[PDB]
Amino acid sequence: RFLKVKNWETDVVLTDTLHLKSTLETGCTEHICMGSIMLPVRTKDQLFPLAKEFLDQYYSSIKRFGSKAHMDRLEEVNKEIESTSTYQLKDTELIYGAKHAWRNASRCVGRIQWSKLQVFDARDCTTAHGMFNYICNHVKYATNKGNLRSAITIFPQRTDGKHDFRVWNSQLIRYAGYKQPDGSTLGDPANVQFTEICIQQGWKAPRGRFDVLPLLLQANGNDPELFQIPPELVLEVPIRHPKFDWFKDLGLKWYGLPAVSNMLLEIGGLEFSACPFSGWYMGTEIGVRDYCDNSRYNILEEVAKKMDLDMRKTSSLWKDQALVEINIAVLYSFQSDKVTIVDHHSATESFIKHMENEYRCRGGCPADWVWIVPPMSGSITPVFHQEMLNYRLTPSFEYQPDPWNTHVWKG
Amino acid sequence: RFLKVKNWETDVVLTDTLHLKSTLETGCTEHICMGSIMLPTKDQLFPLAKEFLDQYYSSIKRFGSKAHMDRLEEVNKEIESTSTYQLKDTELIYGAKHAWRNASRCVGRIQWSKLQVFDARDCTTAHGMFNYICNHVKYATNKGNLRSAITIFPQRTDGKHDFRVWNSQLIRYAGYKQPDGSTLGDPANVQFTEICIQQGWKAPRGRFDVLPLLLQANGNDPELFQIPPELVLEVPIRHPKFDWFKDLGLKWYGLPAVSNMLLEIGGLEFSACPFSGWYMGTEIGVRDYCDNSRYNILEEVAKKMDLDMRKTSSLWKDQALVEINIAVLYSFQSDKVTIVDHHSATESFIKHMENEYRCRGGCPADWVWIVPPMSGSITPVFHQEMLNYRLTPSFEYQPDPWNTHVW
Ligand code: HEM
Ligand code: HEM
Ligand SMILES: Cc1cc(N)nc(CCc2cccc([C@@H](O)Cc3cc(C)cc(N)n3)c2)c1
Ligand SMILES: Cc1cc(N)nc(CCc2cccc([C@@H](O)Cc3cc(C)cc(N)n3)c2)c1
Ligand SMILES: C[C@H](O)[C@H](O)[C@H]1CNc2nc(N)[nH]c(=O)c2N1
Ligand SMILES: C[C@H](O)[C@H](O)[C@H]1CNc2nc(N)[nH]c(=O)c2N1
Ligand SMILES: [Zn+2]
């Protein structure tokens with residue numbers, strides 16, 4: 001069965017057949033849409049179908065479907081599963097797998113870049129210290145002195161789920177936050193809980209507004225250990241505004257490398273539970289969400305103050321006014337320092353073109369509108385007017401519970 | 001099956017039980033989410049009627065009472081005979097108010113229980129419909145102190161006797177494309193603005209030309225009528241800071257009044273049912289003025305602001321968009337015409353959601369439509385998980401008359 005999506009701005013219609021190859025389930029039914037819900041160990045029995053499915057895709061993409069090499073590989077994975085209850089991916093398979101997961105990520109506006117991903121294979125890693133080493137090379141390579149490059153590092157897959165590799169950090173680089181006894185937060189409120197663990201694990205806290213957290217790393221199901229990213233490796237950008245000279249005196253800066261480290265890469269039924277990946281920022285991620293969410297740095301008040309806006313009635317749109325100024329400043333700061341960044345008009349325009357192309361070549365592009373539309377200026381970007389279909393393909397990135405909620409402490 | 005929703009800005013958690021009473025379908029399956037898609041007999045009539053009368057009698061705490069059963073009985077008899085039935089006034093009022101209460105795409109529902117219902121079921125002609133509509137407009141407008149209202153024309157019968165209002169809103173500006181290539185006035189209304197001339201309207205050939213009402217009673221060819229200009233309240237748009245703003249010569253009408261929808265009560269189809277309330281600011285400033293296939297004034301306003309229009313990253317569109325929206329709010333407020341800003345309306349709807357969770361056990365809401373088209377993440381609805389499902393009574397879309405009416 002075929003499906004059509006329409007663009008309401010341009011009247012362009014497209015046709016999805018790709019949703020037919022859809023394995024996983026959405027959370028919705030005929031009677032309920034869960035489209036805005038934030039969050040919607042394997043036996044051999046369930047493993048071999050998922051293995052075969054994946055290897056069938058892999059072998060079409062290299063145009064060797066049904067080849068002797070396709071058949072032998074199947075045969076060999078089969079054997080290894082019945083013998084060992086799991087299997088190992090070839091290098092090329094891991095590469096293709098990680099690229100496809102990104103490509104299938106329906107919540108990512110950045111997917112035009114999907115085919116340029118530097119995959120680091122850290123499947124020989126055995127210790128935390130090893131993890132730290134791999135991650136440092138990740139950070140340095142992806143940073144590339146401000147000329148950011150997409151990359152991901154892949155640690156050893158789950159086995160019995162008692163020997164997990166995890167990167168406790170949600171991102172490799174993120175600022176501390178510290179709840180004060182008067183109730184106010186210093187630094188990033190998003191990171192309070194994780195900062196406390198870090199403190200607990202013996203991290204000595206500088207207790208400033210922009211302290212970079214230490215990596216907290218678990219190998220082979222062991223207790224996690226702390227490590228300090230070398231600060232020479234952490235690219236940061238001081239936030240100034242092109243016209244507003246007082247802007248710099250707000251004391252704000254942000255780091256340049258967005259690197260998500262808490263998700264799970266599923267490839268052919270294998271679970272890679274530490275797979276930190278990184279790209280570059282869309283301006284709004286910092287300027288709208290990081291600075292301006294009420295449960296984050298929440299600088300709207302102080303920026304609006306300094307702008308002397310009328311703050312006495314919301315109807316003055318003073319909140320909206322400051323929000324724009326702050327995003328102007330984020331883009332200007334990064335561009336001035338030659339650190340890769342993309343604005344939301346440009347990101348969304350690019351994505352429309354990716355999506356169209358994806359329909360042409362692939363028969364579809366799963367896309368989550370709730371997440372693809374930017375958190376400011378929604379309707380003046382072309383994605384707002386784009387109908388999208390959301391469905392789950394593997395390989396894929398999935399969420400996983402926070403490790404402190406599930407970890408068996410060794411002491 | 002007892003579902004939770006979380007606010008991620010406040011950690012507030014509500015449990016939804018109301019979705020279990022869902023009678024309509026979404027477009028979504030286990031395998032595909034369609035959340036972002038704009039438009040996805042005696043027999044079936046009795047259950048629909050029963051289900052409706054059941055909620056009615058329950059709402060007035062007379063569930064399973066004498067009066068309840070008798071009514072079920074009476075409606076049963078009438079169906080058996082006439083192949084339809086008629087709603088009592090009280091039911092009609094409940095039906096409409098509830099159709100609005102169940103509108104998952106509407107942010108303005110905190111107001112749902114104060115809808116003024118005008119029973120136009122006794123109407124028989126376009127002139128009649130015109131008269132009923134003018135009274136609606138005048139009552140609703142109320143000199144700027146806008147009031148919610150809906151006017152209900154007769155229900156569908158055999159579906160060749162349909163009452164329809166061909167306009168998509170009662171009050172909308174004409175659109176005509178010119179030899180030059182582009183468009184004058186409002187590009188959304190081009191096709192209809194033609195159907196009006198292709199029907200005999202002389203057009204004042206201007207921008208903000210209020211279009212003629214085009215009315216269809218009992219299935220007949222539809223007829224033209226000009227709403228007395230004195231009944232169309234308009235607001236000249238100016239900026240509280242920028243005096244050149246007014247020189248763009250922009251105005252907007254005060255009365256948003258949707259007129260092409262179909263209202264379904266207890267299986268009955270009210271296909272002419274224009275309803276109106278008041279504007280949230282962004283509807284005009286973000287959508288009407290700034291959409292590319294609408295008035296598209298951003299490029300023009302940005303100029304007068306002397307912004308850097310060289311590169312997308314100066315956020316000039318965004319900068320302008322805010323000022324425009326300041327100007328709309330400012331003007332309406334100055335002229336004491338009712339209007340609500342997106343911050344206030346979303347705060348109100350969060351409050352409404354609260355209310356509905358504890359009083360009704362839930363509140364269907366379509367996130368894609370509830371979050372405003374600007375400044376999304378700084379309004380509280382952005383961070384609010386919503387569950388979307390279809391309840392009844394309801395408003396529903398229906399095909400453009402001209403594609404359908406037998407001429
Ligand atoms: C090229 C630079 C990139 C940009 C500008 C970009 C943009 C984004 C943005 C704006 C979001 C929504 C995040 C939010 O606002 O909360 C997102 C989500 C996502 N992105 Fe991309 N992205 C990029 C690279 C990548 C890479 C390299 C991967 C993995 C290989 C990736 C995978 C995802 C995933 C899995 C999500 C969903 C997160 C979730 O479900 O919580 N992104 N991306
Ligand atoms: C009180 C002032 C009101 C405000 C501020 C309000 C606000 C809104 C907004 C912002 C939308 C999304 C529309 C768009 O962007 O195109 C909306 C849609 C809707 N509203 Fe309300 N509304 C109000 C009164 C009413 C009344 C009186 C009714 C009916 C009695 C109603 C029923 C609907 C319906 C049925 C839709 C969209 C239907 C669809 O597309 O499926 N609204 N309204
Ligand atoms: C609070 C919260 C709740 C929840 N249920 N899920 C989440 C995860 C969502 C998320 C949060 C921050 C950063 C990203 C990331 O997606 C940010 C990112 C990553 C990459 C690689 C590139 C880029 N431009 N941006 C994703 C967060
Ligand atoms: C182009 C298009 C195509 C399509 N298939 N559907 C639509 C959506 C239908 C719609 C359009 C404009 C305004 C409203 C209305 O929702 C606008 C409105 C109505 C009321 C009563 C109050 C208020 N504040 N605002 C509804 C649009
Ligand atoms: C494609 C997308 O579904 C469509 O543009 C929707 C999105 N959200 C909307 N939200 C509102 N309030 N009004 C709209 O017209 C739309 N349009
Ligand atoms: C409730 C809702 O799902 C949630 O607040 C979402 C909405 N859209 C988003 N979109 C992006 N890009 N990032 C987010 O964190 C969110 N949060
Ligand atoms: Zn859905």
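Note that ligands are numbered from 1 as they come in the structure, with each ligand's atoms numbered from 1 the same way. All heavy atoms count here, side chains included; hydrogens, waters and symmetry mates do not. All chains are named by letter (A, B, ...) in the order of the sequence lines, taking the proteins before the strands, and each is independently numbered beginning at 1.
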- [ ] Select one of side chain, backbone, both or neither to describe which atoms of A:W371 lie under 4.0 Å from any atom of ligand 3, heavy atoms only.
- [x] side chain
TODO: May I ask you to identify the nearest protein heavy atom to atom 22 (C) of ligand 4, giving residue, atom name and distance to one decimal place in Å?
DONE: B:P256 CG, 3.7 Å
Task: No-hydrogen, no-angle side-chain donor-acceptor test under 3.5 Å, B:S394 and B:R390 - done: no
Open item on the list: If we set the cut-off at 4.0 Å for heavy atoms, which region of B:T282 has an atom near ligand 2: side chain, backbone, both, or neither?
Closed with: neither
TODO: Ignoring hydrogens, just give me the one of B:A140, B:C106, B:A257, B:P274 whose non-hydrogen atom is nearest atom 6 (C) of ligand 2.
DONE: B:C106
- [ ] Kindly state if atom 1 (C) of ligand 4 has a protein heavy atom within a strict 4.0 Å cut-off, that is, under 4.0 Å?
- [x] no
Task: atom 10 (C) of ligand 2: nearest protein contact (heavy atom, Å) - done: B:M280 CE, 3.6 Å
- [ ] Decide whether the shortest distance between a heavy atom of A:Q171 and an atom of ligand 3 is less than 4.0 Å.
- [x] yes
Task: ligand 3 contact by A:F397, heavy-atom criterion under 4.0 angstrom - done: no
Task: Interfacing atoms of ligand 3 (cut-off 4.0 Å, heavy-atom, A:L39) - done: 5 (N)
TODO: Could you tell me how the ring of B:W166 sits relative to the ring of B:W402: parallel (under 30°), tilted (30 to 60°) or perpendicular (over 60°)?
DONE: tilted
Task: For atom 15 (O) of ligand 2, closest protein heavy-atom neighbour - done: B:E283 CG, 4.5 Å
Task: Those atoms of ligand 3 less than 4.0 Å from some heavy atom in A:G279 - done: 21 (C)
Task: Parallel, tilted or perpendicular: ring planes of B:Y94 versus B:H98, cut at 30 and 60 degrees - done: parallel
Open item on the list: Using 30° and 60° as the class boundaries, would you call the ring planes of B:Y295 and B:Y173 parallel, tilted or perpendicular?
Closed with: perpendicular
Open item on the list: Any protein heavy atom at under 4.0 Å, with atom 4 (C) of ligand 4 as the reference point?
Closed with: yes
Open item on the list: Below 30° counts as parallel, above 60° as perpendicular, anything between as tilted: where do the rings of A:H138 and A:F120 land?
Closed with: tilted
- [ ] Do me a favour and list the nearest non-hydrogen protein atom to atom 23 (C) of ligand 4 with residue, atom name and distance?
- [x] B:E283 OE2, 3.5 Å
- [ ] Note the single closest protein heavy atom to atom 27 (C) of ligand 4, along with its residue, its atom name and the distance in Å.
- [x] B:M38 CE, 4.5 Å
Open item on the list: Below a 4.0 angstrom heavy-atom separation, can you tell me which part of B:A345, side chain or backbone, both or neither, approaches ligand 2?
Closed with: neither
Task: Heavy-atom protein neighbour under 4.0 angstrom from atom 8 (C) of ligand 4 - done: yes
Open item on the list: Using a 3.5 Å cut-off on N or O atoms only, is A:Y399 in polar contact with ligand 3?
Closed with: no
Open item on the list: Determine whether any protein heavy atom is located less than 4.0 Å from atom 36 (C) of ligand 2.
Closed with: no
TODO: Measure the distance from atom 29 (C) of ligand 2 to every protein heavy atom, then report the residue, atom name and distance (to 0.1 Å) of the closest one.
DONE: B:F275 CD1, 3.1 Å
TODO: Among all protein heavy atoms, pick the one closest to atom 15 (C) of ligand 3 and tell me residue, atom and distance.
DONE: A:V260 CG2, 3.3 Å
Open item on the list: Can you give me the closest heavy-atom contact between A:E387 and B:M38, atom names plus distance?
Closed with: OE2-N, 2.9 Å
Task: Taking atom 40 (O) of ligand 2 as the reference point, the nearest protein heavy atom with its distance - done: B:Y397 OH, 2.2 Å
Open item on the list: Is the positively charged end of A:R149 above the ring of A:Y141, judged by distance under 6.0 angstrom from the centroid and angle within 45° of the axis?
Closed with: yes
Task: For atom 4 (C) of ligand 2, the option (of B:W278, B:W369, B:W100) bearing the nearest heavy atom - done: B:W278
- [ ] Please determine if A:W8 has a nitrogen or oxygen closer than 3.5 Å to a nitrogen or oxygen of ligand 4.
- [x] no
